[PDB]
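Q: Going down the list, the protein sequences come from chains A and B.
Per PDB author numbering: the first sequence ends with 1424, consecutive numbering throughout.
Per PDB author numbering: the second sequence ends with 386, consecutive numbering throughout.
Positions of the beta carbon are idealized from the N, C-alpha and C atoms, including for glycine.
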Amino acid sequence: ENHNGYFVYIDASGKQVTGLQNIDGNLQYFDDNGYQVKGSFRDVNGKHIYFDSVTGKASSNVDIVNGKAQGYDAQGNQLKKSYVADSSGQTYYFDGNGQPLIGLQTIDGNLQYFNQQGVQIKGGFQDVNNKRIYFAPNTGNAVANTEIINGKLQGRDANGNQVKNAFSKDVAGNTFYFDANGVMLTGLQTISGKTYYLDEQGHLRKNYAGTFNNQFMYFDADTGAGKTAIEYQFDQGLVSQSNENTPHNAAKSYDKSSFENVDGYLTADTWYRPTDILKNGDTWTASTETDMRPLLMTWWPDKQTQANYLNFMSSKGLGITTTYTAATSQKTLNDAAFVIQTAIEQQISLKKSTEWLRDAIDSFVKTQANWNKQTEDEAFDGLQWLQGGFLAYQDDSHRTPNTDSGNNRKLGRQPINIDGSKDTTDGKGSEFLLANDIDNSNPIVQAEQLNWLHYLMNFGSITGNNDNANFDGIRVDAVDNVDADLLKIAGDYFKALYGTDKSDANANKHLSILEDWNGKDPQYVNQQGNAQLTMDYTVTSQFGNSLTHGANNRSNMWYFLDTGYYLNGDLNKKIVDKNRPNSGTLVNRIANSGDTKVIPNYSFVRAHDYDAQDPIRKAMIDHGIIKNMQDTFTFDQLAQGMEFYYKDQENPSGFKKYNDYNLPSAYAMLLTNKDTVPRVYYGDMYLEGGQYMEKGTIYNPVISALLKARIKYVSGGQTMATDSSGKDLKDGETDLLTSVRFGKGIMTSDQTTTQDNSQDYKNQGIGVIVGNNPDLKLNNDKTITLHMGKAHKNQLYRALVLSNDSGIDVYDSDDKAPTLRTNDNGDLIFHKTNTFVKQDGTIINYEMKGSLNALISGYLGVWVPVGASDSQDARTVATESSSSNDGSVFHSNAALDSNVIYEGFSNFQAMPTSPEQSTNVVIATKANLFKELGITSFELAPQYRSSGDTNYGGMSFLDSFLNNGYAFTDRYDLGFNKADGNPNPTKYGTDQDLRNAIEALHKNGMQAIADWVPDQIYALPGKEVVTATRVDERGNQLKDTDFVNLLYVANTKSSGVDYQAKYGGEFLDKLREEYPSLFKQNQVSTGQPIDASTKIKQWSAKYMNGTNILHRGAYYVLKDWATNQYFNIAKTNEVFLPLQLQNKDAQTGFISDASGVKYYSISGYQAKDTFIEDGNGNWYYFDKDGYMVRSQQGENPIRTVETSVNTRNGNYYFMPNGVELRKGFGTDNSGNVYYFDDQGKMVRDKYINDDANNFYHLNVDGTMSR
Amino acid sequence: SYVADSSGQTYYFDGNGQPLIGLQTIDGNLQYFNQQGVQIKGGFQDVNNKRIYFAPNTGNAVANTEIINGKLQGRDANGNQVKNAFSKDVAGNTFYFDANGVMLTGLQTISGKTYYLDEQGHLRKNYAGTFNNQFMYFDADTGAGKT
Ligand SMILES: OC[C@H]1O[C@H](OC[C@H]2O[C@H](O[C@@H]3[C@@H](O)[C@@H](OC[C@H]4O[C@H](O[C@@H]5[C@@H](O)[C@@H](OC[C@H]6O[C@H](O)[C@H](O)[C@@H](O)[C@@H]6O)O[C@H](CO)[C@H]5O)[C@H](O)[C@@H](O)[C@@H]4O)O[C@H](CO)[C@H]3O)[C@H](O)[C@@H](O)[C@@H]2O)[C@H](O)[C@@H](O)[C@@H]1O
Ligand SMILES: OC[C@H]1O[C@H](O[C@@H]2[C@@H](O)[C@@H](OC[C@H]3O[C@H](O)[C@H](O)[C@@H](O)[C@@H]3O)O[C@H](CO)[C@H]2O)[C@H](O)[C@@H](O)[C@@H]1O
């Protein structure tokens, strides 16, 4: 609290705090009056403690104590032998006695200067002694620097002496040379028999190629010394590898028998069958089919990998421990590989096992960048945040034909982009979300999704011959991440089977909702005839801004009205604005009399996936239970975190760190709004963790009352107003929102009676008053009014719910509540101070007062008419007549509004401790309870068997390890028993438990909603080889990635023996016979109808768009660098292997001939049309003819390269010895300078910066303007 | 231990001799390391949702301000944007940022105390001026106006 400009702290006790206090982990102080101290020193006990100027938090400073400076730490101890920075960012060093050092000093091996007051000189020169020394900006350490004396640059070394006949730096990082006279040199200079190039400024240029002595000259990256680049830098001549061991280690066979493989290809951890085995390191013996050995014992992709293998295996006791490099001779490495092979066979005999080796190879393989995620470009922006990035599979019939999709895989066909017309913009859908993304643009897959849909809508019929245990409707998960055809497919299915387009009674018997977050989805859904209900994020959003989020600065309640709906916000005139910038809330409620058609919708305050998952994890992070949001956690870890979350939720202080504010007030509005189907979140009713329905939340009573009141009173028209005109509040204004419903046939304030002369209205209707300001106090004059309407003149009303300083009181019946009577015009008038009387006769006192406690931060009052019958029902039944010929399914009206959906699960529930406490068992016993709260549809969690802790590569997701059912391997397994007969429940119970749960809900007149999850599937056990490109969520290639059309081992193939195999495609034939039009109707995104001619009993890559990155590497599938062809052994007519393995002679190295230089890879093949790196790290390009590209005298060294590997296409600068220039400037034959990047490519049309803070500009044609 | 290489770049090697990567706390200091294990110094960095500035020589996490669109914004040491509060920049200037995140200017009364911010938005301390038409000295400690 703030009093007279000062912070005071008032305890949980209610006591004002003085003295030193650690409050919530921060050390602070308050003087005798209780005010807090900031930017000052205080003395407590033996400590001299400074407190910060912003926060008032204890930290280090320097005080002038008496006449002298003395340093202090956070705890208030005098510091000795240390450095302290003071309030103004100045630095002292205090010695062994606590006294600050002055003058020149050597501290921790560093030279530093201190002024006469003990302050450290930083970022300037300083005349200590005869010499002048520069001291660095942040360290303050002595360093070489240059300054301008007269008009000429001069150099100063670290000792403060001027530099003569030598090179010296400046702080920025530029090197200069200064001659005998001290003067900086320029241009081309030969000193100590070596030649350096200094630019016009005098900067020494390193890694710079230029024609300097009329003959090319490359200036060293190390020292800038000019070499002629005539000497070849490759150190490996052409050598033969074959020897006495070659025929023994060669493969027994060139096929799947002798080679571990995937779709014919080989992998880094492949093992093969050699012809013979050096058993025990003694005697070569023919191999038996079980004698498999690792390919890396005998072959390597390149010398670097070979050297790394030798060093790694050496470290494990297998030979002389070695430092080998790619520069080591090939002959040496091969000899060393054999002594390791010997040692290996000895440890195989000694251990009588090869498992130890499997683990050694696996370990070694993950060490190498090409075989781990370092070549996968892990990224976390956008949806990549979930799992680290995506790979899009490609159609490549030449290399990977099993994986070809038949020209499907249209990505990002979300509703707004169903036809691809926004593919080039951000309007393209984020097709990739999680795990293996199913290709819902493929007609065959579309048919399979319909089969699954049929299976769910007839679950009970099919699995228990129980026609009462069937789901009634669906929730469509992740609409914006799949092909929008699925909506039409689902819509048309329900039309065909249930005649949902015939009547509101048919439609409303199968309530179906969409998870459709895009702000333009509502209008799409409505153009397509509302086959499923859109969400209304606009109201959920406004709850966030005005009530639910944040302790203080909240949007005004005014924003709920959306007055812009009317021209000039003319609430007097009420002219609807026919043309607006596509904005505002979906349904206006200022004066909604049901006269204008509106888009039917569901709405909510929270969800299993909204305002839950993030807070619950932030809480775990905040208490050090995990480090990252993507971090894997155990259920025990979750339970501990949950305890902090609950503690925060129920905090009597009223402050909430992770949880949402004002949930009751939010539900009061959600549950009284016209033209919406409200949805209630299990986790606002019961605690989100632990056991299902284990313990109610503090909000439960209030929400329960609102729910029951909704059945009795909520009908008719609506109005909504605020004591507020905009962002800013005038003097009297409270910003208190007043929402009213009138009764069954009453549509307006001024309507006094129904047209049909029904009397139902008189005891119906409701009044809601809500505020978002806990510190709200009314002026004494101020009156606040609820216009209950002219159909309710002089009527007695009683409170349902009233907020106060300790909680919110809930009144169950007319007798126990305060009454108040409306006037002749039908208004309930409220003042700052009120005296209400019970109908009994008792008098009650009540202030219109903002309150702050666990249940509210603001005001909440709800009022209902007294005299309500016990069985009073204000709901409207849906009519069987064909009311509309518009073609649409759902219509927003009184009937639809009479529904309430309950989202009845939480992602963070604990696993059942016993079968009796399984969610679906509990639902069956408690069905009664939900009927009486007015739930007409029960949204059950997804019932599919969780993929669990299974993880074939890449990052696991919480859906999977929390077993919530959104992550599954088998789409048709909803809790079936193991094949041995044992029970095998999901998190929610067996399949019988589910059928019982569904039946129980029908016995209590409620529907059951199936969560339809078509976007992805997790943890498929079978491997295939795909052609993959690294992409972002929309399937766009990452800008700077080498990972393009590469072969990759993915987990895409289903077991083939699961419930997907049993029930896959089975119901389609029966359906085509009975409803032919479903199978003949064309879909929009494809132009085709769904295709039931092919059944999906087993998933595989051809039906997938892609996957999250699996951490295997860009080149885990083995390839020859020289030809760029991948090794394969599937068909004996098209085998490609390294020549060693076929007992042929593999020659490897560089060899010159009259025409030029050639290169042979470790596998014995000639490099053509490919880049090659030598053992010293230099790069070369070999042209289509097989010859190294090299610059000639008088010719342009810049060459344009078009390779088989497209990503490398570009302009390169090859020197006379063929070395590609990288990360440096290169001069062409005509004097123009270009720059070439990390990978050798020319850079165009941008500014480029230097480590020394030099800037250069490169024109569009590549040249450097600088 | 820390080691700086030939080019003046810095790594930290752990108990096994392997360099640390990503966000780390060392000697009680928060620091970031790129995918190659190199230490980020003198720049912003999007680690998680938050954006954090790391100091030029220490590389330690600190509050800083950057210009987003055409308006100065404030970033704290944890990488969260600053709203309704004072925040520094690396140079040493203090600013105040309102509920909307926007830096304030001129004479401002917040939490019943009065501060003077110049045209650039710098909080002025140890500054004497006739501000409310009556003399006012702005504190050397916190910049709060006394009479
Ligand atoms: O223009 C001067 C008037 O400004 C205020 O009036 C705002 C309007 O209020 C009523 O309609 C609103 C309707 O706009 C919408 O508001 C949602 C949301 O708005 C604010 O949050 C925004 C946030 O969405 C985001 O905006 C980004 C930009 O989006 C578009 O490009 C906009 O055109 C642009 O202006 C936005 O900047 O980020 C913004 C910055 O952080 C943020 O401002 C507001 O803070 C939230 O509380 C609010 O939920 O839906 C509301 C219902 O939910 C409607 O009530 C009026 O009908 C409309 O005419 C107004 O223009 C101000 O109050 C008026 O007094 C000014 O005259
Ligand atoms: O931090 C505890 C440690 O501090 C001293 O060690 C310093 C070390 O911190 C470093 O100083 C560089 C630089 O850092 C601060 O920002 C300071 O303001 C600035 O003046 C300082 O120059 O480098 C030196 C070199 O070894 C170290 O000595 C203490 O000496 C040590 O005993 C403390 O434990």
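Note the first and the last residue of the continuous alpha helix (DSSP H) segment covering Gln795 (chain A).
A: Note, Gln795 (chain A): alpha helix (DSSP H), 793-807.
Q: By the 10 Å Cβ neighbour count, where 16 or more other Cβ atoms means buried, how is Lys785 (chain A) classified, buried or exposed?
A: Looking at its Cβ environment, which holds fewer than 16 other Cβ atoms inside 10 Å, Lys785 (chain A) is exposed.
Q: Please determine, among A:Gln233, A:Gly183, A:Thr176, A:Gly172, the residue with the shortest C-alpha to C-alpha distance to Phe199 (chain A).
A: The shortest Cα separation from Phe199 (chain A) among A:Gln233, A:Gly183, A:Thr176, A:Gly172 belongs to A:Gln233.
Q: Which residues in chain B have a C-beta closer than 9 Å to the C-beta of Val212 (chain A)? List them in chain order.
A: Correct list: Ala324, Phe325, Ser326, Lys327, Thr333, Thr381.
Q: Which same chain residues end up closer than 6 Å to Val321 (chain A) when comparing Cβ atoms and leaving out the 5 residues on each side of it in sequence?
A: Around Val321 (chain A): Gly313, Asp315, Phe336.
Q: Hey, could you find the ends of the beta strand (DSSP E) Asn1003 (chain A) is sitting in?
A: Taken as a continuous stretch (DSSP letters only), the beta strand (DSSP E) holding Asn1003 (chain A) covers 1001-1005.
Q: Suppose you measure from the CA of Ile1248 (chain A) to the CA of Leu608 (chain A); what does that come to, to the nearest Å?
A: Roughly 9 Å separates the two Cα atoms.
Q: Determine the direct distance from the alpha carbon of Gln913 (chain A) to that of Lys902 (chain A), and round the result to whole angstroms.
A: Rounded to the nearest angstrom, the two C-alpha atoms are 11 Å apart.
Q: Within this structure, are the beta carbons of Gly247 (chain A) and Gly331 (chain B) separated by less than 9 Å?
A: It is a contact, given that the beta carbons lie within the stated cut-off.
Q: Would you check if the distance between the CB atom of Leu1098 (chain A) and the CB atom of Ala1012 (chain A) is smaller than 9 Å?
A: No.
Q: How about the segment 390-408 of chain A and the segment 478-495 of chain A: do they share at least three Cβ pairs that are nearer than 8 Å?
A: Judged by Cβ distances under 8 Å, the segment 390-408 of chain A makes contact with the segment 478-495 of chain A, as three or more pairs qualify.
Q: Would you list the residues sitting across from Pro1247 (chain A) in a DSSP beta bridge?
A: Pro1247 (chain A) is bridged to A:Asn1240.
Q: For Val697 (chain A), verify whether its CB is less than 8 Å away from any heavy atom of ligand 1.
A: Answer for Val697 (chain A): yes, Cβ within range of ligand 1.
Q: Taking the C-alpha atoms as reference points, what is the distance between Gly318 (chain B) and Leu311 (chain B)?
A: Cα to Cα, the separation comes out at about 16 Å.
Q: Using 10 angstroms around the beta-carbon of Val872 (chain A), count the other beta-carbons present and answer buried if the total reaches 16, otherwise exposed.
A: It is buried - the Cβ of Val872 (chain A) has at least 16 other Cβ atoms within 10 Å.
Q: Determine whether the beta carbon atoms of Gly1264 (chain A) and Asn530 (chain A) lie at a separation below 9 Å.
A: Going by C-beta atoms, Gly1264 (chain A) is not nearer than 9 Å to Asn530 (chain A).
Q: Tell me whether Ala367 (chain A) is buried or exposed, calling it buried when 16 or more other Cβ atoms sit within 10 Å of its Cβ.
A: Counting Cβ neighbours within 10 Å, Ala367 (chain A) comes out buried, since at least 16 surround it.
Q: For the beta strand (DSSP E) that residue 1433 (chain A) lies in, which residues bound it at each end?
A: For chain A, the structure presents residues 159 to 1424; residue 1433 (chain A) sits outside this window and is missing.
Q: What in chain B is Cβ-close to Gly1112 (chain A), meaning under 7 Å?
A: Ordered by position in chain B, no residue passes the 7 Å Cβ test against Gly1112 (chain A), which lies about 17 Å from the chain.
Q: Starting from the N-terminal side, write out each stretch of the beta strand (DSSP E) that is 3 residues or longer and does not extend beyond the segment 1070-1102 of chain A.
A: The segment 1070-1102 of chain A contains these whole beta strand (DSSP E) runs: 1095-1097.
Q: Considering only their Cβ atoms, is the gap separating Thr1077 (chain A) from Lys1161 (chain A) smaller than 9 Å?
A: For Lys1161 (chain A) and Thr1077 (chain A), no; Cβs fall outside 9 Å.
Q: Which class does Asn365 (chain A) belong to by DSSP, given the choice of helix, strand or coil?
A: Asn365 (chain A) falls in the coil class under three-state DSSP.
Q: Helix or strand or just coil, what does DSSP make of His945 (chain A)?
A: Here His945 (chain A) sits in strand by DSSP.
Q: Does the structure place the segment 978-996 of chain A close enough to the segment 785-797 of chain A that three or more beta carbon pairs sit under 8 Å?
A: The segment 785-797 of chain A is not in contact with the segment 978-996 of chain A.
Q: Looking only at its chain, what residues have a beta carbon closer than 7 Å to the beta carbon of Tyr1274 (chain A), apart from the 5 residues adjacent to it on each side?
A: Excluding positions up to five away in sequence, the list reads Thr425, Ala426, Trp529, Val1207.
Q: Does DSSP classify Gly261 (chain A) as helix, strand or coil?
A: Correct three-state label for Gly261 (chain A): coil.
Q: Give me the residue from B:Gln263, B:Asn308, B:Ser240, B:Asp266 with the minimum Cα distance to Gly254 (chain B).
A: Ranking the options by Cα distance to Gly254 (chain B), first place goes to B:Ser240.
Q: Does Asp1409 (chain A) get closer than 9 Å to chain B when you measure Cβ to Cβ?
A: It does: the Cβ of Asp1409 (chain A) has a partner Cβ on chain B nearer than 9 Å.
Q: Can we count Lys239 (chain A) as close to ligand 2, meaning its CB is less than 8 Å from some heavy atom?
A: Under cutoff, so the answer is yes.
Q: Give, in chain order, every unbroken run of the beta strand (DSSP E) that is at least 3 residues long and sits entirely within the segment 330-414 of chain A.
A: Counting whole runs of 3 or more residues, the segment 330-414 of chain A contains the beta strand (DSSP E) stretches 333-336, 345-349, 352-356, 366-369, 374-377.
Q: At a CB-CB cut-off below 9 Å, which residues of chain A make contact with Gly309 (chain B)?
A: Within 9 Å Cβ-Cβ: nothing; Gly309 (chain B) doesn't reach chain A, min ~21 Å.
Q: For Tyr803 (chain A) versus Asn817 (chain A), is the C-beta spacing smaller than 9 Å?
A: In contact: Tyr803 (chain A) and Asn817 (chain A) (Cβ atoms closer than 9 Å).
Q: For ligand 1, is there any heavy atom lying closer than 8 Å to the beta carbon of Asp767 (chain A)?
A: Because no heavy atom of ligand 1 lies under 8 Å away, the Cβ of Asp767 (chain A) does not count as near it: no.
Q: Got a sec, what are the start and stop residues for the beta strand (DSSP E) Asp595 (chain A) sits in?
A: Counting along the chain, the beta strand (DSSP E) containing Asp595 (chain A) begins and ends at 594-596.
Q: Got a sec, what are the start and stop residues for the alpha helix (DSSP H) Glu589 (chain A) sits in?
A: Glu589 (chain A) -> no alpha helix (DSSP H), and no H or E assigned at all.
Q: According to DSSP, is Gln174 (chain A) part of a helix, a strand, or is it coil?
A: If DSSP states are grouped into helix, strand and coil, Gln174 (chain A) belongs with the strands.
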